[PDB]
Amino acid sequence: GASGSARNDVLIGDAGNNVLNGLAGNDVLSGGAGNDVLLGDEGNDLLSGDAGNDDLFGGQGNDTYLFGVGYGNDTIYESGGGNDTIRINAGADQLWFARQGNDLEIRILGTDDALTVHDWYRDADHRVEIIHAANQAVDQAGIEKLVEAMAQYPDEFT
């Protein structure tokens, strides 16, 4: 358990199950190993769950969520912001996109690691706007499309 302030803070967990709350300001939150609960709150925050199964709450403002190979199975609960982003440490060639109920689900092909965006489909507030792969970026429209195409045909490398 670590708290920031209304200033811009840097919060780093350890290998246990941690709670990090940035409060207002533009914060960096890193969970490390274990199942962490990361709360950006107000401000433009940078959240990494790192290893383990992490719950990531960027909150209001435009938050950046890190994911990659070996990051386990993380869920984003967004609250608000017009330019929330996900940064993924793998090429667009190795991502898969699918809808699970109201959730958007991103898997890294042939690994275990999953990134879920809770209630993606339910309302705008819950959406993340841009996903950067290792050099490329697709937008909400591009995402909800790849989802449809990958579900229909695969034929995007089965």
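Position 1 is the first residue in the sequence shown; the rest follow in order.
For the two regions 55-63 and 118-126, the entry's Cα B-factors average higher over 118-126. Mean C-alpha B-factor is higher over 147-155 than over the other stretch, the pair under comparison being 4-12 and 147-155. Among 112, 42, 27, 50, the highest C-alpha B-factor recorded in the PDB entry belongs to 112. When the modelled residues of the chain are ordered by their C-alpha B factor, residue 93 lands in the highest third.
Residue-level temperature factors show residue 17 in the middle third of its chain, judged at the C-alpha atom. Residue 37: CA B factor in the lowest third of modelled residues in this chain (values from the PDB entry). Ranked within its chain, residue 46 lands in the lowest third, by CA B factor from the PDB record.
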